[PDB]
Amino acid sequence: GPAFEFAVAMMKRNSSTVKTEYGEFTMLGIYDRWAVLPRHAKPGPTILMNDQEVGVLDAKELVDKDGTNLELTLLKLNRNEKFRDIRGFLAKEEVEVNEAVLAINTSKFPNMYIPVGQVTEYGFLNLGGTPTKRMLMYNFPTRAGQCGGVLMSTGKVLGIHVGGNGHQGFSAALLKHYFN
């Protein structure tokens, strides 16, 4: 109930639809001109954000202290408007919750919300041939076009949807320290 209300407002204020050469994704703006996509979106020097061409000043593919994939890319966008600052909604470590909502904002899934149920710290996953850490898992059959979806509970932005095996979905935990 509260989590859906939270999700809808978060998506209205901070999310957008992006197209790269690799597809269409939900994008979440974090603060200032820094946003996040799934790594596999592979943003080039320009992206389409709500159909408008926007320059990418800088792009950072995140890894842990061993070089292990986190499956997030951080993007600094060449634009006047600043994102509302949502770092206070990001945890310091992986959040487990009993009820979460996954929010999608593309041309395909416009303004769609999915109650995924329980979110568990899955940790390690071999994600399409790549060893990947800090995965959050939910037992909903997510499908192609949901990448970049934003995983939320009431007052919490938990992670970004980056993959699925047809039966379970996985989110990269969105941690506060990535945005210091």
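We number the residues from 1 along the sequence you see.
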{"item": "Per the entry, higher mean C-alpha B factor between 120 to 128 and 149 to 157", "value": "120 to 128"}
{"item": "Greater mean Cα temperature factor according to the PDB record, 51 to 59 or 135 to 143", "value": "51 to 59"}
{"item": "From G29, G67, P115, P38, residue of greatest CA B-factor", "value": "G67"}
{"item": "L74 CA temperature factor, ranked by third within the chain", "value": "middle"}
{"item": "Chain-wide C-alpha B factor ranking for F89, given as lowest, middle or highest third", "value": "lowest"}
